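Coordinate analysis (summary)
Listed here are the chains, written in short residue letters.
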Amino acid sequence: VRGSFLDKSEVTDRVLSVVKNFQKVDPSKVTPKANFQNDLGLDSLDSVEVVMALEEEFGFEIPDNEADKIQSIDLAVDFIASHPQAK
Amino acid sequence: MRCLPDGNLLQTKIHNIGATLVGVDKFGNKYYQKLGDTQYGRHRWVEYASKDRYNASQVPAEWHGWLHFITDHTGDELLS
Amino acid sequence: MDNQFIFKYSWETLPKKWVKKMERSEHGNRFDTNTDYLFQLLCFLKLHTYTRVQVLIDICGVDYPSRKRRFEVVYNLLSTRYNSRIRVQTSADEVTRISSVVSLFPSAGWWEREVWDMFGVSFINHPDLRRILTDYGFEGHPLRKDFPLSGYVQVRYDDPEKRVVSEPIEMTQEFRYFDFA
Amino acid sequence: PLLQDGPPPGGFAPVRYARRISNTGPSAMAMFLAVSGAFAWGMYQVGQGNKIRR
Amino acid sequence: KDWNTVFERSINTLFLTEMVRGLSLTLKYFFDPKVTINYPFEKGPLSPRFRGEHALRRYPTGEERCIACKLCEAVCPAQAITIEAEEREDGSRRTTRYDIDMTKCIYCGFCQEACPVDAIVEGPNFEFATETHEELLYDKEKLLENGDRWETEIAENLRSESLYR
Amino acid sequence: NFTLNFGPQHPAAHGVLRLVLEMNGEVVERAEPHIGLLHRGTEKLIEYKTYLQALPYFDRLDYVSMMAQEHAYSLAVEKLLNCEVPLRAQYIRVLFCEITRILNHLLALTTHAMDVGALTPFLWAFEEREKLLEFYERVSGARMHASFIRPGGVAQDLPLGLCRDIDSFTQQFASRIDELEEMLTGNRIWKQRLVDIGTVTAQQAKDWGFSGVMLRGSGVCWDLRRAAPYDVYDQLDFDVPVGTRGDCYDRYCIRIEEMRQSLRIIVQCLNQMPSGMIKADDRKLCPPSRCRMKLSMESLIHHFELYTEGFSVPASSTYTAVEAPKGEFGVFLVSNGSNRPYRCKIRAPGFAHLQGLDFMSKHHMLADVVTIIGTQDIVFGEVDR
Amino acid sequence: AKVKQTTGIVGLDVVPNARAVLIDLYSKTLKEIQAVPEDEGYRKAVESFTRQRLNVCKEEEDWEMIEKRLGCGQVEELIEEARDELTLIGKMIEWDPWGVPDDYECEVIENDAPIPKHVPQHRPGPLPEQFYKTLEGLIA
Amino acid sequence: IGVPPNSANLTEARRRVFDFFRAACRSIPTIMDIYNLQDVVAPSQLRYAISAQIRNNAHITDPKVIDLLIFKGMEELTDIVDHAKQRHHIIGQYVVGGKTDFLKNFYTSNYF
Ligand SMILES: CCCCCCCCCCCC(=O)SCCNC(=O)CCNC(=O)[C@H](O)C(C)(C)COP(=O)(O)O
Ligand code: SF4
Ligand code: SF4
């Protein structure tokens, strides 16, 4: 059998860790529907560094159009779970 | 017998045939000339005293100018 | 086409806002212009029937540390049609980008790269602006007057690393400045 | 002093700068005729040699 | 264009006629005398003006010619000359140090032009290759040794060239 | 496209030549020269020298045409100083400029030939180069970096018997040119290597700032000796050869014809050489004679000043250009009133020519790249400075 | 009358109908220049030399005479200049550089420091009579 | 491709700052392979040094200066990837992988 997508349950924790491991993020405000800018005290420069970390984690590039739509955790999750190059 | 391994010395020996002795310096180096025109009339040579381990720096200053056509005076005339 | 005719005819025909300074001299006819007009002035001189300045001899920078706009960029140009030379100069500073004239004279490409390398002046719309003379990774702009003559780093072979490496300069004997004034 | 290097009285001899041309070659019909005659007569001689060898 | 000119063009192509000419002139120099110099027994020509290894000169009495004016040091385009000087015990103005870095020097002769007493000269020697870099850092004593060795040739050259300078 | 990183690393081709080529099999798509491997900061160093101490830097720019750059620098200084040069000096300067043109063309032509496989003409031409190198040594004491042409004239007068030895050279030089031609000109292989290679139109030559043979190959009659004459070039008869096809074969024929015209000029300089001073008489800019300096207080003072401080040049700026063997060599000199140049921008023809390698070599075979570099006549001393 | 075989300039093709091409280009030029304000020295100068070159082209039927009367190189180089002027006209219309600014200032220097005869100097010689007519027409 | 004009505002400049930071970070794997840093430093440490560099210049208010800094950063990055000058604990200009300072400086030399 073959597969093209990473299970969503496998994606949420991977995005949950990289934000917790990312500095300036106390692992207590990291609810899976959190906004990097509003709920995490991260400026625009920190927010850019988070999408970069997820790109490297899942080994695939994320376009500028969609780099911006990832402003929250739940949003980063959905995109990777449905993107087939994510592996 | 140096002519067999040392071909640079042989060329001087052959060109020495028919040449004129101009002088000898303190080290024993001998100075010859031809007075022809093959390399535009340049026919001044030195046969170093040592048939082995000769070197260009062994020409004394009195004969250096003659050997390089810098002057028409031989080492003898300059020393006098 | 003598320098008397160029000076007079340029005064009559050029738009007045382009040229702020005109020098007629046996050392050379010179037109000083603002940076925003340099590209248009050079396109006029190239295309106009009575000037036909078709060759850009070179572009160079000059550093004047005592000036608010310390860099002077000089365009030496030539008309083979009329057998005449023209000098067009403009001033710049360390952060203001000026217009590139590669679209007018393709020969300007390497000369503008040299100006960026040597002085740090940048050129808008230049297809490939990167250092051309200095070593890769070079820091500074050597033709600036405050850049030291011997630079800041030097290279040597380093046997433990099996490579040539760069380190801060150490001079066995310093450059001796002889102030003869 | 007052003696300076210069031309001799009357100037130096005239010197040529232009390419002096050279017409050296048989060319054309000479070579073609020589080669054709060699081919014909030599092939006849080849026949004679082959007959002797036979 | 014409069967006769077409024929000649074809024959010249097929029989390499212009390639024969290049062979013929190549062979002509084969039998001629050669221009090779049989160094080191034979040498190439030089002139009295030749700029070679620097030397420091003396007066015929044995006194040094140099009076530490430092003109040569000032004019040197490569900054290859270093000089220290002080009053000698007899009151004479003389150098205590005169170094020429032969690896910075460009052999321009400007120093010899600048010297007002014919003390520093570029002599005729050109054969002074070494095995070490430090042997090409000439101090005052090495320079004076060069002057003693080459004095006879240097003096003759200066007499020759005194009519032009 | 695959990339070929070919840098000729020996006297075979230049030596610091480094080229990035994009190929389609054997066809060249794009050529990118990487330069600065001989960048030595000459323009920065000149600003720390007096006007006399900066003069030897010009011998080492196009180090095959040494005296032609000394002339250009001296002319620039004489222009800003408004210094008048004696007639004898002007004739000597022109005589050695044309000798320098032959030295250049002999090397350029025969090094290009050796790179395409003609090994013999290099050896024949370099024995003629040795004879001319002897004339450099007899006037200045150096074979290459003479530093002989100076602001105000020349350093020294000609030694007795030099003009006769130059005349004997001229008597036989046409035969030497004819042999180089007979080796190459008519040869079908030579023509196949150069005909329709590196074609340049006149518009392209003007757009890329081409000069010299690179410009005259395209049919543009432009020589600075005629367009903007200097020294005694206006009293001399010579032709300006121009091409009709703008390929490598026209530029080869022009360089050959230019050596015949250089020979013609040298003969006229020899015959018209007048007596007189070889240095401008003004006593603020030229060294005194050794006898005068050792006998006159005024002369000693001037000698002391000249070799320590150097002369001053009034504050100004100008661009001066000459017809160097490789093209238009220009100097943009900026004076600030002191004894050292404030700025010395050096315009080298090889900088413009090498920049045009990309368009000249487009859609050519890989083995034509060296032929195109040969016809450009690139010396990296002046490209990089 | 004889057709020109070569211009001797690499890349400059011979134009057999140079007269018809030049008349067209000059006529087009004399219409497009009217988009410039009439008081601009650019408009005046362009009209002055375009008219004279057009009058010569109309009068002479042989391109050799056109070349001879104008003295401005071959008819193919006259076409190049005419095309370039039309291109410059289009750019100058789009640029809108016309008019003198309010607080306009311009320094003029006429430096008379002489230079030696022997240093390089461009001395092209006198231009055709129309250049001076154009200039003095601009002055007045 | 060509050098763009000078940024009109800090929004244009910041868009450019973000664009450069993205390019610098995306080349990090290439750098790690060229300098063989797998056992020397982590890729995030490379990211931190780049973001640090950017954060030290957060007080600049002139868009022209920001453009020049971005241009110089782009040039520096291109050299590191294309013409690597390998040094052990140094990539370009970045060091990779009970007494006050006065008494230490005093012990070292007289020039502080
Ligand atoms: C591999 C290494 C080679 C590449 C590295 C080269 C060097 C990199 C450094 C060059 C880049 C600069 O400094 S470019 C200068 C960068 N700084 C600015 O843009 C000044 C204005 N400040 C701001 O916009 C904000 O403080 C900011 C925090 C930026 C974001 O905004 P937020 O506050 O809303 O997050
Ligand atoms: S030859 Fe020239 S560079 Fe060398 S020491 Fe003498 S003056 Fe200085
Ligand atoms: S060598 Fe001559 S110029 Fe140099 S310090 Fe001695 S006397 Fe002066």
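Residues numbered from 1 in each chain as written, not as in the entry; some residues may be left out. Chains lettered and ligands numbered in written order. Part of a larger assembly, values for the part shown. Heavy atoms only, no water.

Header annotation of the entry names cryo-EM as the structure determination method and lists the resolution as 2.80 Å.

Bringing the overall build of chain B into the picture now. Each helix and strand in chain B was counted, giving three helices and three strands. From first element to last, N terminus to C terminus, chain B shows the α and β order α-β-β-β-α-α. Against the compact-globule benchmark of 12 Å for 80 residues, chain B has a radius of gyration of 13 Å, which places it among compact chains. Taken along the three principal axes of its C-alpha coordinates, chain B extends 40 × 30 × 15 Å. Taking all 80 residues of chain B together, 45% fall into the buried category. Within chain B, contacts between residues separated by at least 24 positions form 38% of all contacts whose residues are at least 6 apart in sequence. Only carbon and sulfur atoms are counted for the fraction: they give 53% of the accessible area of chain B, which is about 4300 Å². Looking at chain B, you have 9 positive and 9 negative side-chain charges, and the mean spots of the two groups are 6 Å apart. (Helix = DSSP H or I, 4+ residues; strand = E, 2+ residues; numbered from the N terminus. Rg over C-alpha atoms; globule rule 2.2 N^0.38 Å. Buried < 20%, exposed > 50% of the residue type's maximum accessible area, 1.4 Å probe, protein only. Contact = heavy atoms within 4.5 Å. Areas by Shrake-Rupley, 256 points an atom, 1.4 Å probe, with all protein chains shown as cover. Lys, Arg positive; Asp, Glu negative; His and termini not counted. Charge placed at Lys NZ, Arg CZ, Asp CG, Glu CD.)

What follows is about the overall build of chain E. Helices and strands together make up the secondary structure of chain E, namely five helices and five strands. Listed by position from the N terminus, the elements making up chain E come as α-α-β-α-β-β-α-β-β-α. In terms of C-alpha radius of gyration, chain E reaches 28 Å, well past the compact-globule figure of 15 Å for 165 residues. For chain E, the proportion of its 165 residues judged to be buried stands at 48%. A sequence separation of at least 24 residues applies to 73% of the contacts in chain E between residues at least 6 apart. Here chain E has roughly 8800 Å² of accessible surface; of this, 56% comes from carbon and sulfur atoms.

This part is about the site of ligand 2. Taken together, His 54, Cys 76, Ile 81, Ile 100, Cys 105, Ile 106, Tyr 107, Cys 108, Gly 109, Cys 111 and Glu 122 of chain E make up the full set of residues near ligand 2. Residue classes in the shell around ligand 2 are distributed as eight nonpolar, two polar and one charged. (Near = heavy atom within 4 Å. Nonpolar A, V, L, I, M, F, W, Y, C, P; charged D, E, K, R; others polar.)

On the surface, a cluster of nonpolar side chains totalling about 540 Å² of accessible area is made up of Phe 102, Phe 106, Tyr 107 and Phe 112 of chain H. In this structure, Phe 106 of chain H sits in helix α5 (residues 101-108). (Patch = residues over 30% accessible without salt bridge, like charges linked within 9 Å, V, L, I, M, F, W, Y side chains within 5 Å. Salt bridge = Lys/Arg side-chain N within 4 Å of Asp/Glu carboxyl O.)

Evaluation of the coordinates by the stated rule reveals 47 aromatic pairs over all chains. Summarising the aromatic geometry, the rings of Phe 50 of chain E and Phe 126 of chain E are spaced 6.1 Å apart at their centres and angled 85° between planes, so their arrangement reads as edge-to-face. With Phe 50 of chain E in the loop between α2 (17-28) and β1 (54-56) and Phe 126 of chain E in the loop between β4 (120-122) and β5 (137-138), this residue pair connects regions lying 76 residues apart in the sequence. The exposure class assigned to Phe 50 of chain E is buried, which follows from its relative accessible area of 13%. Summarising the aromatic geometry, the rings of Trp 208 of chain F and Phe 359 of chain F are spaced 5.4 Å apart at their centres and angled 20° between planes, so their arrangement reads as stacked. Of the two residues, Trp 208 of chain F is situated in the loop between α8 (202-207) and α9 (213-216) and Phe 359 of chain F in helix α15 (residues 357-360); the sequence distance between them amounts to 151 residues. Given a relative accessible area of 18%, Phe 359 of chain F falls into the buried group. One residue, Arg 67 of chain C, lies across the ring of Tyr 64 of chain C, its end atom 3.7 Å from the ring centre. Its end group placed over the ring of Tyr 342 of chain F, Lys 145 of chain C keeps NZ or CZ at 3.8 Å from the ring centre. (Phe/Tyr/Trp six-rings, centres within 6.5 Å; stacked < 30°, edge-to-face > 60°. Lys NZ or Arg CZ within 6 Å of the ring centre and 35° of its normal.)

Let us look at helix α4 (residues 87-115) of chain F. Residues and elements named next belong to chain F. The terminal C-alpha atoms of α4, which comprises 29 residues, lie 42 Å apart, in line with the 42 Å expected from a rise of 1.5 Å per residue. The buried fraction of α4 is high, at 26 of 29 residues. Downstream of α4 by a residue or two, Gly 117 has a phi angle that is positive, lying close to 110°. (Expected span 1.5 Å × (residues − 1).)

So, on to the UniProt feature "binding site: [4Fe-4S] cluster 2" in chain E. Mapped onto this structure's residue numbering, the UniProt feature "binding site: [4Fe-4S] cluster 2" falls at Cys 76, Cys 105, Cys 108 and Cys 111 of chain E. These annotated residues cover 36 residues of sequence, but their C-alpha atoms sit close together, with the largest distance between any two at 10.5 Å. When its relative accessible area of 11% is taken as the criterion, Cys 76 of chain E is described as buried. Sequence-distant contacts of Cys 76 of chain E, that is, excluding residues within four places in its chain, are made with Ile 81 of chain E together with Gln 53 of chain F. (UniProt positions renumbered as here; feature names shortened; annotations may be inferred.)

Facing 34 residues of chain E, the contacting portion of chain F comprises 39 residues. Across the interface of chain E and chain F, roughly 3200 Å² is buried in total on both sides, 52% from carbon and sulfur atoms. Summed over the shared surface of chain E and chain F, the number is four salt bridges. The partner of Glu 18 of chain E in a salt bridge is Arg 188 of chain F, with the nearest N and O atoms 2.7 Å apart. On inspection of chain E and its partner chain F, the count reaches 23 residue pairs in polar contact. Of all the secondary-structure elements, those providing two or more residues to the side of chain E that touches chain F are α1 (3-14), α2, α3 (71-75) and α4 (110-114) of chain E. With eight residues, the top contributor of residues to the side of chain E that touches chain F is α2 of chain E. Residue composition of the side of chain E that touches chain F, grouped by class: 19 nonpolar, seven polar and eight charged. (Buried area = accessible area lost by both parts, 1.4 Å probe. Polar contact = N/O pair within 3.5 Å; in protein donor to acceptor, adjacent residues only side chain to side chain.)

What follows covers the side chain of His 302 of chain F. Inspection of the secondary structure puts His 302 of chain F in helix α13 (residues 297-308). A distance of 3.0 Å separates a polar side-chain atom of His 302 of chain F from the backbone oxygen of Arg 283 of chain F.

With that settled, the discussion passes to the UniProt feature "binding site: [4Fe-4S] cluster 1" in chain E. The UniProt entry lists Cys 66, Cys 69, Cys 72 and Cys 115 of chain E under the feature "binding site: [4Fe-4S] cluster 1", expressed in the numbering used here. A compact arrangement is adopted by the annotated residues: their sequence extent is 50 residues, whereas the largest C-alpha distance between any two is 10.6 Å. Position of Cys 69 of chain E among the secondary structure elements: in the loop between β1 and α3. Look past the residues within four positions of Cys 69 of chain E in its chain and what remains in contact with it is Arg 93 and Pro 116 of chain E. Along the chain, the position of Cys 115 of chain E falls in the loop between α4 and β4. Excluding residues that lie within four positions of it along the chain, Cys 115 of chain E makes contacts with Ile 120 of chain E together with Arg 290 of chain F.

Attention shifts here to the nonpolar core. Counting 222 residues, the largest nonpolar core has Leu 42 and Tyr 75 of chain C together with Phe 96 of chain F as its most contacted members. Ranked by residue count, the leading element in this core is α4 of chain F, at twelve residues. Ignoring anything within four residues of it in the chain, the contact list for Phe 96 of chain F reads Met 67, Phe 135, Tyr 136, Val 139, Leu 158 and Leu 162 of chain F. With 27 residues, the next largest nonpolar core counts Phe 36, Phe 60, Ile 62 and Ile 80 of chain A among its residues. (Core = buried A, V, L, I, M, F, W, Y, C linked by side-chain atoms within 4.5 Å.)

Here we come to the site of ligand 1. Inspection of the region around ligand 1 gives 16 residues, with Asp 43, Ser 44 and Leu 45 of chain A together with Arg 14 and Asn 57 of chain H positioned closest. Nearby residues place ligand 1 at the junction of chains A and H. Between ligand 1 and the protein, one listed contact pairs an oxygen atom with a side-chain N or O atom of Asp 43 of chain A at 3.4 Å. One of the backbone nitrogen or oxygen atoms of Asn 57 of chain H is found 2.9 Å away from a nitrogen atom of ligand 1. In isolation ligand 1 exposes 840 Å². Once the protein is present, 87% of that is buried. Among the secondary structure elements, those contributing two or more residues to the shell around ligand 1 are α2 (44-58) of chain A together with α1 (10-26), α3 (43-56) and α4 (63-82) of chain H. At four residues, α4 of chain H tops the list of elements feeding residues into the shell around ligand 1.

Now for the pairing of strand β6 (residues 316-324) of chain F. All names here are of chain F. The buried fraction of β6 amounts to nine of the nine residues, a majority that puts the element mostly inside the structure. The pairing of β6 with strand β7 (residues 327-335) spans nine bridges and is antiparallel. If you follow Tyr 319 over to β7, its bridge partner there is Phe 332. Here β6 folds back onto β7 in antiparallel fashion, the turn holding two residues. (Pairing = 2+ DSSP bridges.)

Residues and elements named next belong to chain C. In terms of burial, strand β3 (residues 55-63) is a largely internal element, nine of the nine residues being buried. Bridge count for β3 against strand β4 (residues 71-79) is eight bridges, and the pairing is antiparallel. The residue bridging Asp 63 from the neighbouring strand is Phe 71, located in β4.

Quick look at the sheet that holds strand β3 (residues 44-47) of chain B now. The strands making up a sheet associate through backbone hydrogen bonding, with each pair oriented either parallel or antiparallel. Residues and elements named next belong to chain B. Strand order in this open sheet of three strands is β1-β2-β3, and the pairing throughout is antiparallel. Strands with a single pairing partner mark the edges of an open sheet, and in this sheet they are β1 (20-24) and β3. Taking the axes of each pair of neighbouring strands and ignoring which way they run, one obtains an average angle of 30° across the sheet. Where helix α1 (residues 7-16) meets the sheet, it contacts β2 (30-33) and β3, and its direction lies at approximately 125° from that of β3. (Axes fitted to C-alpha atoms, helices over the stretch in contact; angles between N-to-C directions.)

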